[PDB]
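Asker: My structure is below; once you've seen it, I'll send some questions.
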Number of protein chains: 2
Amino acid sequence: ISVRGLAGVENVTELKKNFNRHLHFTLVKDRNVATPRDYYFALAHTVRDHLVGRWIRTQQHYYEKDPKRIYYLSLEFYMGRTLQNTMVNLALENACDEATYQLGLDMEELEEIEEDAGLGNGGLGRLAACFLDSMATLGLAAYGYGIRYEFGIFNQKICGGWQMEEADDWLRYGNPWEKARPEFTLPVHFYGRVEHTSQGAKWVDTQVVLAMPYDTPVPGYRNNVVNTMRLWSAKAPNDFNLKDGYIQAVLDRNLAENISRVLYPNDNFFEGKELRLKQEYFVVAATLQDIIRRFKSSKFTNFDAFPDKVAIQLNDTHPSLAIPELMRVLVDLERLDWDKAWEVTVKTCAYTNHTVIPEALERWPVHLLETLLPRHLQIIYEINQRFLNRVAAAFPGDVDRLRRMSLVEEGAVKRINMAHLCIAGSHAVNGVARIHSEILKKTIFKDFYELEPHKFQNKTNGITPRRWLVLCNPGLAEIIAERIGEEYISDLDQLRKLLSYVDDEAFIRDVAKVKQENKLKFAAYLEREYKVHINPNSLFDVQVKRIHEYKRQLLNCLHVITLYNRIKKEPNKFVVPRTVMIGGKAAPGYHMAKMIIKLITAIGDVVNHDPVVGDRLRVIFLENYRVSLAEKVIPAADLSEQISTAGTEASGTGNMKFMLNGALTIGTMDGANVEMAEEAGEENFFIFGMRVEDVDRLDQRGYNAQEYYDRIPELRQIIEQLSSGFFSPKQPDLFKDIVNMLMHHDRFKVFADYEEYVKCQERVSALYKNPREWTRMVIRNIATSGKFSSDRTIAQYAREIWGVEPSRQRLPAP
Amino acid sequence: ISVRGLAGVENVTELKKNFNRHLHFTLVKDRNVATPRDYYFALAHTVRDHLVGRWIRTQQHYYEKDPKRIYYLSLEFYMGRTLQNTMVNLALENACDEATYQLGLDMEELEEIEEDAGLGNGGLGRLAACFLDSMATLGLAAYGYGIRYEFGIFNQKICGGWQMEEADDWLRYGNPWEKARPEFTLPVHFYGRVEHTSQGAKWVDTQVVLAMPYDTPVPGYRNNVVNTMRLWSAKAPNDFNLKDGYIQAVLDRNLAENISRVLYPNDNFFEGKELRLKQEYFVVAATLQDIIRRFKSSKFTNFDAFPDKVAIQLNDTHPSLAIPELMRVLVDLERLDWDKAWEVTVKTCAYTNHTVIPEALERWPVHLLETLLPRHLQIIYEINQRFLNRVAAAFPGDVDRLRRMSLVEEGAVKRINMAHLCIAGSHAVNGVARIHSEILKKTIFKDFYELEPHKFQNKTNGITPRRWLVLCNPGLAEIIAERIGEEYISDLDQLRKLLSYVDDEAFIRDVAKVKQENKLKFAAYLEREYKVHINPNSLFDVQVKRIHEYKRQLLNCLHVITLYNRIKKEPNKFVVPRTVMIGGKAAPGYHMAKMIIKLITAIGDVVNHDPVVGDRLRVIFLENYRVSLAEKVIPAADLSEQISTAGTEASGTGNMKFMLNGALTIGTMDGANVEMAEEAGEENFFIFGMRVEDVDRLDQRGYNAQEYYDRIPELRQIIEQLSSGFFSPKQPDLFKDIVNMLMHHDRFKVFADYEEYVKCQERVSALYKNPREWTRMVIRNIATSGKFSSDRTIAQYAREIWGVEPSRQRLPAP
Ligand SMILES: O=c1[nH]cnc2c1ncn2[C@@H]1O[C@H](COP(=O)(O)O)[C@@H](O)[C@H]1O
Ligand SMILES: O=c1[nH]cnc2c1ncn2[C@@H]1O[C@H](COP(=O)(O)O)[C@@H](O)[C@H]1O
Ligand SMILES: *Cc1c(COP(=O)(O)O)cnc(C)c1O
Ligand SMILES: *Cc1c(COP(=O)(O)O)cnc(C)c1O
Ligand SMILES: Cn1c(=O)c2c(ncn2C)n(C)c1=O
Ligand SMILES: Cn1c(=O)c2c(ncn2C)n(C)c1=O
């Protein structure tokens, strides 16, 4: 059937009876009223059974051996479905497929019933999920810590071409993977005031909110290691939240519990709301108590060995309060002197930066911290004081450098620069792509780099080959395994061996066959769940990621309209057929992004119903783009669009997902695109547009969009089409904000890359016309994507930051 | 060990491995970190396993055979713990006791970890729970329908002698007995308006709240019948509750979900709050859709057979909206003519009245119904119109009778008398005790009784012998079974056979021994969990029920202070030692009731620390009185206090609980007290005080408390002690509200029954001094309590109201 494992005689039989056990005893149903949803749950419970045994020994093991523990703090964990991924990592896929088949059920049909765990916005949240899988696979004693939102990223609905948001009640039917642990509930404090008495400060008169943990298992790839992802849920105490109308007192509990109610749906954007700050401290305060408790047990109160036993990784600045919180505990509660406490804190903390755009930077108003976390503000001022004293001593008289490096920003309202806080309290700061890391040193954190050059590093992102290959593209994984075996699943570098089959006639035919099968399946799914046909013979041109101005979905739109206009000019001229698919969610308050989604659908309305165009060009907007949808489109894509303005996309990861699944990449020299082209050879990549230096040259000069409008008739024609209502008949001025922006305030110079972009697009169309060569280029990309596995990234974090050695050693059976 | 069943070899072994299965796979724990709470859950899950098989066949059976279905609607279900009760009804107690013993655990210690299901206030909610158990035991296709409050009756804490309320988070650790059924979620409407179009009215523009069901199994006594208790939970739709700030929209969902958040803690008191009205319609609207769906399937759309297949019992007026709601559905949706719809509604509905005190009567302001349920108000006006037309036609010219019987009350604000609505739309109205039922006919509902005498009936309350005897008093159940067998557990009348052992020397010794063992165990529990000693040789004088003015805990207080004053007058005179225990919760807004609790504790402060008193008199306030606590005190009581003012306690059930457990009763000729004395012989009962007629004579005359104050020096002395601060030194005027009330506005004439009350108390003290005779009187009470089993009550409801025949037939195994 494939290498989804063995369908053993004894195990298929065992599986079937447990499936029936759960359907009866757990679901309390009888075959005669059981629905597909019930069947999915019976299976989910049966599969979950297989890793509890391993889960218990893994955790017990870490308690015995007592290795250094890695704590990955993140406010987001974009997990997606977990049934199939668990079967894969446990080598249960074929056995379950068989058993369910014998029970007369279609496993694939049941897998589709599982709700996605959308506790993330995009890249940042998904990185965390891939990292967890890799840390488990590399046998690291790692813990994922976050918030258990009852509402994840909203579900996107398109109504009249506009995005409509609706609550993601992912817990509605229950979550068979999590295990509530009410017995480990912890208290978290808010507000109050600070008392300075005799021997130390005291945080007093605080409001208490309880943090209840929920553990979810994270199985490594076939090594019997099952790590833990602990997610905190807010609960109100039953005393003061009643003890300070009786009915009203009880109804008001849903005020303390609102803290873990919903994920903020902003991607690369900072909103200084108090509820967000509360979520950030909540996850930090609860998590740290757990970290210290575990340490106090260990084999040990000298906190001198704390950094030898603990490592906490900050996924962006969101969990940055962990620095002043670790100090508070050590100094206020444990009574360590400042200097000793600081040494410990810096040595256990490490920070990961994800972007350089200003609007994404967390700068919290002081009055907010002042009211909500009074003691933390005091600690931050003191950290700032001592840090600046270090700067002055290093750069005597550099008074401007002092104000520039301050953790405290003066002005309208004083704010705290969380990024500066993280650099100061961490022993390592890293970028997520080579170019992004360099930019950090040359620009944004230049002053900090000059002060402590040893702190700055790079750790190029990666994706897990398990979910992003074996799981979503079994067909491709099979033919690869037929030639080079299976060891590449946990050693992606081995994909290089595929280079020697680049001229192999059978392989070329096979690689091309699986991609064709994937396109047919997706084209079907399209009509199944969304309804309105596409042509599987055309080039699948797809751009899927969050809707942003910097990601330039607009630049993609300009190209689409150009293709359309050229066809209408010479209708009877042959052009390579294309189905361009654009998908992604816009943050609710991002007006421009929502305007762009309307533009996309507007273009599709015109293009898809023009008889002269026929099946040569289709514009489709992929609704509710999420992890589970990504697992479907990516394996079916031919062309991957990664066209952000050079210098704006820190790294990106979707690009990597496409490269590993047989799609060619048209993109700019941005983020990881650079290392990908470098790995496959620029000749097997479609690079275009300005490089970072060109962007800066243009900025010195000054960007004037009119110029491009004046010199390019094709561009001019498009803008006048938008301006006159060609794409919005009933509301002619509908897109005035887009045009206005493009012409007068384009921060991402869309027009500057237009000419080179369509020119480059012509080159891919030329290559698509030559199936054999297109496929050979594909093989060159796949065979060379090994570097982008999160196992490599994690192995680097482990050795260069955490001080731990990865291990591919199978844990002593289950 | 006892007749808790057989401890079979194969079954104890089977139990142990499943206990271990759940501890590992369900709880995900290992013996080395498992706590008693974990062990309780492993056992609970193991026991729950045994009734799912029976639960599924029972429900499947009803679907095949299709018998008349009984729907018991109640806003309260005071269930208490359910582990032991399930073992008992399944004959698993000894096997589980053995198995757990072999696993090295104490079953009793684990049973104490289970949280009470306190979804009730007192009598009304407990009646519903006892009824469910009896209906299951008598093999009726019955369903309990209510609301799944996440916060039940508050937990009472005494701070400085005052009651402190605190949220009852009974779901904190989970509920292993319930089964969420999200797939059967139903929509419920609120607000909106009414459109009258061509062919009928339409309820439009309504706000939708979803009702999610949770099923809990109700096992019959050893007959393999497991009925269902369906509890609705409020959930917000994910569309409009977002689709009409994005964050705020999501946080505001906890507005529609507040409907099932908390139980109103009022006992026999009406509060016209909108949230209450919402809870009442919510349970009614959701439940009826389920009833009709089930009917539409049946073996059948002629609703003529609806009453032959359905019976809905209204537990008080709380679910009264079921009448106009059934009409709305039949007329508005099914399109039946009014008259046909009304005939059907009246024939399937039946109403149970629980009290005659005005302050407990539900009279909803019209403006509230007008805004929240516009169509229901219209239907109620139309029902009223046609009903009054019936009255006028029966009593021509009786214009006053017309206004008196109206469902609509004029005045300050127009209101709807829910009780009148229930009488009009039901084919049977019943009281809960013979005297209460007569009073209804002679007083409160006299006009209605004259109009349709056939509607009025009586159904004397009862209690379940399983939980209220076998479960809480295994020692007594054992010695009874030793002489007459076990058939009495489901045939309590057989207790009469115990009359022939009334002179048996061994039995007298045994009955007295178990009571002594029960007192020792309770006296221990007291020091264990609450701490401060009592003497197990004294008379256990206990009054446990909700704190009320009509229940006269105050009359009990007067007696306690009298005993104290007599001892202080003649210290060296012998008096029978007593431990008087008073317990019960006061509704949060009931000032007087909270004042009474403070008085009780105040008396105990003086009495319990007076050296001259010694161990001859102890005053104890039983904290957090609830079902699980009742199962502890009652079996240990010698004297049961049921001293309400004649005519105010509809029936009472605690009185019955005490009679069955070997306690003697000192009470007034009120509620069921009358039938109890009638059953045991007034010579074996301590009756005192005014009878109903005496109370009325006094009212004609006019009640003047001064008189009693003037003629009784002992009474006078007590009042002056309260007035001068003898019981409240630091705050001398603390009890001025109690004294003021007692002297000027005592609606329950406490002083009128004082003299006869202490005189009667002297008689019980005299009898207690004669152990042999006290015990013989006890045997006369127990042997004669058979009539008060809920099996008798249910059998009567079944035959005289529902039209179904009970059956003690074992369902075809599990
Ligand atoms: O005091 C202890 N005795 C024995 N095992 C322990 C003890 N504390 C932790 N463990 C084991 O270590 C695992 C780790 O628990 P943690 O504290 O959540 O990391 C537990 O599930 C147990 O198997
Ligand atoms: O359409 C049907 N086919 C077969 N069994 C049914 C069907 N509807 C109900 N049942 C059975 O009847 C039980 C009663 O379900 P209820 O609708 O919740 O009362 C179900 O659990 C099934 O065993
Ligand atoms: C991988 C992934 C992302 C990140 O994509 P980029 O193109 O790097 O912005 C976002 N969303 C989902 C659902 C993903 O799978
Ligand atoms: C039986 C019971 C009641 C009813 O007692 P009465 O004396 O009839 O008022 C109230 N509360 C609980 C906990 C009960 O067990
Ligand atoms: C101006 N703006 C927003 O207003 C915004 C956003 N992301 C979310 N929002 C609300 N981004 C990226 C942005 O540039
Ligand atoms: C006056 N009053 C109340 O105010 C009250 C009550 N029960 C609850 N409350 C709040 N009762 C029985 C009562 O008589």
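Order determines the names: the first chain of the structure tokens is A, the second B, and so forth; residues in each chain are numbered 1 upward, and ligands are numbered 1 upward as they are shown.
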Identify every residue of chain A that has at least one atom within 7 Å of any atom of chain B, counting only C-alpha atoms, and report the result as a ChimeraX atom specification.

Answerer: /A:25,28,49,52,166-167,173,182,238-239,242-243,246,250-251,258,588

Asker: Please report as CSV every residue of chain A lying within 7 Å of ligand 5, along with the nearest atom pair and their distance in Å (one decimal), using only C-alpha atoms and all ligand atoms.

Answerer:
```
residue,atom,partner,partner_atom_place_in_ligand_line,distance
A:266,CA,ligand 5,8 (C),4.9
A:267,CA,ligand 5,7 (N),5.9
A:268,CA,ligand 5,12 (C),5.9
A:269,CA,ligand 5,7 (N),4.8
A:359,CA,ligand 5,14 (O),6.6
A:548,CA,ligand 5,12 (C),6.1
A:587,CA,ligand 5,8 (C),4.8
A:588,CA,ligand 5,10 (C),6.1
A:589,CA,ligand 5,10 (C),3.7
A:590,CA,ligand 5,10 (C),3.8
A:591,CA,ligand 5,4 (O),6.6
```

Asker: Once you have the residues from the selection above, write them out as an mmCIF file, in the first residue's frame, restricted to N, CA and C atoms.

Answerer:
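Contents of the output file result02.cif:
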```cif
data_model
loop_
_atom_site.group_PDB
_atom_site.id
_atom_site.type_symbol
_atom_site.label_atom_id
_atom_site.label_comp_id
_atom_site.auth_asym_id
_atom_site.auth_seq_id
_atom_site.Cartn_x
_atom_site.Cartn_y
_atom_site.Cartn_z
ATOM 1 N N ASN A 266 -3.775 38.760 14.887
ATOM 2 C CA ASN A 266 -2.858 39.649 14.187
ATOM 3 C C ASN A 266 -1.575 38.940 13.789
ATOM 4 N N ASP A 267 -1.217 39.055 12.519
ATOM 5 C CA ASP A 267 0.005 38.455 12.020
ATOM 6 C C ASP A 267 0.987 39.602 11.778
ATOM 7 N N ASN A 268 2.137 39.566 12.440
ATOM 8 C CA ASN A 268 3.147 40.599 12.268
ATOM 9 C C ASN A 268 2.606 42.004 12.472
ATOM 10 N N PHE A 269 1.828 42.172 13.538
ATOM 11 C CA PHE A 269 1.267 43.466 13.902
ATOM 12 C C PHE A 269 1.060 43.557 15.409
ATOM 13 N N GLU A 359 5.911 48.128 12.748
ATOM 14 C CA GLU A 359 4.543 47.920 13.195
ATOM 15 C C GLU A 359 4.328 46.594 13.922
ATOM 16 N N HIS A 548 -0.992 40.339 3.382
ATOM 17 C CA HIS A 548 -0.161 41.442 3.846
ATOM 18 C C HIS A 548 0.231 42.366 2.707
ATOM 19 N N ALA A 587 -6.252 39.966 8.934
ATOM 20 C CA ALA A 587 -6.568 40.260 10.325
ATOM 21 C C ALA A 587 -7.802 41.160 10.252
ATOM 22 N N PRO A 588 -8.794 40.933 11.129
ATOM 23 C CA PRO A 588 -10.036 41.712 11.168
ATOM 24 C C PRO A 588 -9.971 43.243 11.054
ATOM 25 N N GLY A 589 -8.991 43.882 11.691
ATOM 26 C CA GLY A 589 -8.908 45.335 11.613
ATOM 27 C C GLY A 589 -8.027 45.902 10.512
ATOM 28 N N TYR A 590 -7.435 45.019 9.709
ATOM 29 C CA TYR A 590 -6.548 45.400 8.610
ATOM 30 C C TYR A 590 -7.366 45.730 7.359
ATOM 31 N N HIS A 591 -7.805 46.982 7.276
ATOM 32 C CA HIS A 591 -8.619 47.434 6.151
ATOM 33 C C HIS A 591 -8.026 47.127 4.766
#
```

Asker: Can you measure atom CA of residue 460 of chain A to atom CA of residue 432 of chain A for me? One decimal in Å is fine.

Answerer: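 Atom CA of residue 432 of chain A lies at a distance of 4.7 Å from atom CA of residue 460 of chain A.
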
Asker: Could you report the residues within 10 Å of ligand 3, using only C-alpha atoms and all ligand atoms, as JSON, numbers by chain?

Answerer: {"A": [78, 79, 80, 118, 120, 121, 122, 123, 124, 125, 126, 127, 130, 267, 461, 462, 463, 468, 543, 544, 545, 546, 547, 548, 551, 583, 584, 585, 624, 625, 626, 627, 628, 629, 630, 631, 634, 640, 641, 642, 643, 644, 649, 650, 651, 652, 653, 654, 655, 656, 657, 658, 671, 672]}

Asker: Write the selection just made, keeping C-alpha atoms, as a compact mmCIF listing (two decimals), in the first residue's frame?

Answerer:
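This went into out.txt:
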```txt
# COMPACT_ATOMS: atom_id res chain seq x y z
CA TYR A 78 -0.35 26.13 15.05
CA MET A 79 -0.85 22.35 15.41
CA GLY A 80 -3.51 21.44 12.82
CA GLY A 118 -5.64 26.61 15.06
CA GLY A 120 -1.71 30.23 15.74
CA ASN A 121 -1.79 32.98 13.10
CA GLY A 122 0.71 31.77 10.56
CA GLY A 123 4.45 31.33 10.33
CA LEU A 124 5.37 31.97 13.96
CA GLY A 125 2.79 29.56 15.33
CA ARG A 126 3.60 26.88 12.77
CA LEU A 127 7.33 27.15 13.42
CA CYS A 130 7.34 21.98 13.64
CA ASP A 267 0.00 38.45 12.02
CA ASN A 461 14.05 28.11 9.91
CA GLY A 462 12.91 24.72 8.75
CA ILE A 463 9.81 22.56 8.45
CA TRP A 468 5.13 18.32 5.29
CA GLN A 543 0.26 32.05 -3.37
CA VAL A 544 -0.93 31.02 0.09
CA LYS A 545 0.02 32.92 3.27
CA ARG A 546 -1.54 35.64 5.42
CA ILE A 547 -2.76 38.68 3.46
CA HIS A 548 -0.16 41.44 3.85
CA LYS A 551 3.85 39.87 1.01
CA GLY A 583 -5.47 32.25 -0.34
CA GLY A 584 -4.93 33.62 3.13
CA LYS A 585 -6.67 35.37 6.00
CA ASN A 624 -10.14 29.58 5.04
CA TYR A 625 -6.48 28.86 4.37
CA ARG A 626 -5.18 26.88 7.32
CA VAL A 627 -2.80 24.03 8.09
CA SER A 628 -5.14 21.23 6.97
CA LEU A 629 -5.84 23.17 3.72
CA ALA A 630 -2.09 23.74 3.22
CA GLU A 631 -1.52 19.99 3.36
CA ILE A 634 0.99 22.56 -1.55
CA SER A 640 5.14 28.75 -5.61
CA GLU A 641 4.85 32.54 -5.19
CA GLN A 642 7.28 34.04 -2.65
CA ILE A 643 7.38 37.63 -3.83
CA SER A 644 7.83 39.86 -0.78
CA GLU A 649 10.14 38.58 4.96
CA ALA A 650 12.46 37.45 7.77
CA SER A 651 12.55 33.89 6.47
CA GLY A 652 9.20 32.39 5.51
CA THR A 653 8.47 28.65 5.72
CA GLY A 654 5.73 28.07 3.19
CA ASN A 655 8.46 28.54 0.56
CA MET A 656 10.23 25.51 2.03
CA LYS A 657 7.03 23.47 2.10
CA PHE A 658 6.60 23.99 -1.67
CA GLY A 671 14.41 35.62 3.65
CA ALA A 672 15.22 31.95 3.17
```

Asker: Tell me, as number ranges by chain, which residues lie within 12 Å of residue 91 of chain A, counting only C-alpha atoms; anything in the same chain fewer than 5 positions away does not count.

Answerer: A: 2-8, 11, 47, 50-51, 84-86, 96-97, 219-224, 466, 470-471

Asker: Hey, can you spit out that residue selection with N, CA, C and O atoms as a compact mmCIF listing (two decimals), in the first residue's frame?

Answerer:
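Result file follows (again.txt):
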```txt
# COMPACT_ATOMS: atom_id res chain seq x y z
N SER A 2 2.03 1.17 0.65
CA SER A 2 3.00 2.27 0.78
C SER A 2 3.83 1.91 2.01
O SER A 2 3.63 0.84 2.60
N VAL A 3 4.75 2.78 2.42
CA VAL A 3 5.55 2.50 3.61
C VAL A 3 4.99 3.24 4.83
O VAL A 3 5.71 3.92 5.57
N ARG A 4 3.68 3.09 5.01
CA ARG A 4 2.95 3.69 6.12
C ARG A 4 3.03 2.70 7.28
O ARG A 4 2.26 2.78 8.25
N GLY A 5 3.99 1.78 7.18
CA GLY A 5 4.17 0.77 8.21
C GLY A 5 3.62 -0.60 7.81
O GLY A 5 3.12 -0.78 6.69
N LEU A 6 3.71 -1.55 8.73
CA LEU A 6 3.22 -2.91 8.51
C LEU A 6 1.79 -3.07 9.00
O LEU A 6 1.39 -2.48 10.01
N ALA A 7 1.01 -3.86 8.28
CA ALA A 7 -0.37 -4.12 8.66
C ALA A 7 -0.37 -5.52 9.26
O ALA A 7 -0.96 -6.45 8.70
N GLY A 8 0.32 -5.67 10.39
CA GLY A 8 0.41 -6.95 11.08
C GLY A 8 -0.91 -7.63 11.40
O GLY A 8 -1.91 -6.97 11.70
N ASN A 11 -1.91 -7.08 15.19
CA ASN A 11 -2.23 -5.71 15.48
C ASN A 11 -3.49 -5.19 14.83
O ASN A 11 -4.19 -4.38 15.43
N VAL A 47 -6.11 5.25 18.84
CA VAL A 47 -4.74 5.64 18.50
C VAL A 47 -4.08 6.31 19.70
O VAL A 47 -2.90 6.10 19.97
N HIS A 50 -2.27 4.07 22.20
CA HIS A 50 -0.91 3.62 21.90
C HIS A 50 0.22 4.53 22.35
O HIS A 50 1.35 4.08 22.49
N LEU A 51 -0.04 5.81 22.58
CA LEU A 51 1.08 6.61 23.01
C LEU A 51 1.09 7.02 24.48
O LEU A 51 2.06 7.65 24.92
N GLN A 84 -3.60 11.61 11.99
CA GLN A 84 -2.68 11.05 11.01
C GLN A 84 -1.22 11.22 11.41
O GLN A 84 -0.42 10.30 11.27
N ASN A 85 -0.88 12.41 11.90
CA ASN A 85 0.49 12.66 12.31
C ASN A 85 0.91 11.67 13.40
O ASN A 85 2.07 11.25 13.43
N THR A 86 -0.02 11.30 14.28
CA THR A 86 0.28 10.36 15.36
C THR A 86 0.46 8.94 14.83
O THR A 86 1.32 8.20 15.30
N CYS A 96 -3.99 0.77 10.83
CA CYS A 96 -5.27 1.45 11.06
C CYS A 96 -6.10 1.50 9.79
O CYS A 96 -7.33 1.38 9.83
N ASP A 97 -5.43 1.70 8.66
CA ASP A 97 -6.09 1.75 7.36
C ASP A 97 -6.74 0.41 7.10
O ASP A 97 -7.89 0.33 6.67
N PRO A 219 4.58 13.08 20.03
CA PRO A 219 5.39 11.91 19.67
C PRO A 219 6.52 12.18 18.68
O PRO A 219 6.33 12.86 17.68
N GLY A 220 7.69 11.63 18.97
CA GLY A 220 8.82 11.77 18.07
C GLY A 220 8.65 10.78 16.92
O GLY A 220 7.80 9.88 16.97
N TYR A 221 9.46 10.91 15.88
CA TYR A 221 9.31 10.00 14.76
C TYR A 221 9.92 8.62 14.99
O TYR A 221 11.14 8.43 14.96
N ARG A 222 9.04 7.66 15.23
CA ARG A 222 9.40 6.27 15.44
C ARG A 222 10.51 5.97 16.45
O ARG A 222 11.20 4.96 16.32
N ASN A 223 10.67 6.82 17.45
CA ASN A 223 11.70 6.57 18.47
C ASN A 223 11.12 6.30 19.88
O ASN A 223 11.88 6.18 20.85
N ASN A 224 9.79 6.21 19.99
CA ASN A 224 9.13 5.97 21.27
C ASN A 224 9.28 7.11 22.28
O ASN A 224 9.20 6.90 23.49
N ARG A 466 8.03 15.10 8.24
CA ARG A 466 6.97 14.15 8.57
C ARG A 466 5.61 14.67 8.11
O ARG A 466 4.97 14.08 7.22
N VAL A 470 5.83 13.16 4.22
CA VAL A 470 5.25 11.83 4.41
C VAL A 470 3.74 11.86 4.62
O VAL A 470 3.01 11.03 4.08
N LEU A 471 3.26 12.82 5.40
CA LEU A 471 1.84 12.92 5.69
C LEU A 471 1.00 13.47 4.54
O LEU A 471 0.03 12.83 4.13
```

Asker: Any residue with an atom at most 9 Å from ligand 1 counts, using only C-alpha atoms and all ligand atoms. Which are they? Put them as a PyMOL selection string.

Answerer: (chain A and resi 55-64+184+228+290-291+293-294+297-298) or (chain B and resi 28-33)

Asker: Next, write the just-selected residues to a file, as a compact mmCIF listing (two decimals), in the first residue's frame, keeping N, CA and C atoms as the atom set.

Answerer:
```txt
# COMPACT_ATOMS: atom_id res chain seq x y z
N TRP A 55 4.23 7.87 26.55
CA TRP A 55 4.18 9.18 27.17
C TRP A 55 4.60 9.10 28.64
N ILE A 56 4.09 8.09 29.36
CA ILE A 56 4.40 7.92 30.78
C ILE A 56 5.85 7.52 31.04
N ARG A 57 6.41 6.64 30.21
CA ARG A 57 7.79 6.24 30.42
C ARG A 57 8.75 7.34 30.02
N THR A 58 8.39 8.12 28.99
CA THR A 58 9.26 9.21 28.56
C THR A 58 9.42 10.21 29.70
N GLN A 59 8.30 10.65 30.26
CA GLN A 59 8.31 11.61 31.36
C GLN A 59 8.96 11.04 32.62
N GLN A 60 8.72 9.76 32.87
CA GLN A 60 9.31 9.09 34.02
C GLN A 60 10.84 9.07 33.80
N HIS A 61 11.25 8.75 32.58
CA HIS A 61 12.67 8.69 32.19
C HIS A 61 13.39 9.99 32.51
N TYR A 62 12.83 11.10 32.05
CA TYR A 62 13.42 12.42 32.28
C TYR A 62 13.53 12.71 33.77
N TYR A 63 12.65 12.12 34.56
CA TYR A 63 12.69 12.35 35.99
C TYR A 63 13.85 11.58 36.60
N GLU A 64 14.12 10.39 36.06
CA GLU A 64 15.20 9.55 36.56
C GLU A 64 16.55 10.08 36.13
N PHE A 184 -2.81 20.35 39.07
CA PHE A 184 -1.57 21.13 38.97
C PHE A 184 -1.86 22.59 38.68
N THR A 228 5.82 16.57 26.00
CA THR A 228 4.59 17.24 26.40
C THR A 228 4.42 18.70 26.00
N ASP A 290 6.24 26.26 37.24
CA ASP A 290 6.40 24.85 36.86
C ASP A 290 7.87 24.53 36.62
N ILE A 291 8.58 25.46 35.98
CA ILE A 291 9.99 25.25 35.69
C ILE A 291 10.81 25.17 36.97
N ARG A 293 9.65 24.52 40.07
CA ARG A 293 9.23 23.36 40.86
C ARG A 293 10.00 22.12 40.41
N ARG A 294 10.02 21.90 39.10
CA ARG A 294 10.72 20.78 38.51
C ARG A 294 12.22 20.82 38.85
N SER A 297 13.12 19.87 42.46
CA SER A 297 13.08 18.44 42.70
C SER A 297 14.37 17.86 42.14
N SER A 298 14.54 17.96 40.82
CA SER A 298 15.73 17.48 40.12
C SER A 298 16.47 16.41 40.92
N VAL B 28 -4.13 8.56 32.73
CA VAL B 28 -2.74 8.75 32.31
C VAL B 28 -1.90 9.05 33.55
N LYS B 29 -1.85 8.09 34.47
CA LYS B 29 -1.09 8.21 35.71
C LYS B 29 -0.43 6.86 35.96
N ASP B 30 0.55 6.83 36.86
CA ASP B 30 1.21 5.58 37.23
C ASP B 30 1.14 5.51 38.75
N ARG B 31 0.91 4.31 39.26
CA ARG B 31 0.78 4.10 40.70
C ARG B 31 1.66 4.98 41.58
N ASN B 32 2.85 5.33 41.09
CA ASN B 32 3.78 6.13 41.87
C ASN B 32 3.45 7.61 42.07
N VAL B 33 2.47 8.13 41.34
CA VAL B 33 2.10 9.53 41.49
C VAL B 33 0.60 9.69 41.63
```

Asker: Return the single residue from B:404, B:299, B:193, B:354 that is closest to ligand 2, with distances computed using only C-alpha atoms and all ligand atoms.

Answerer: B:299
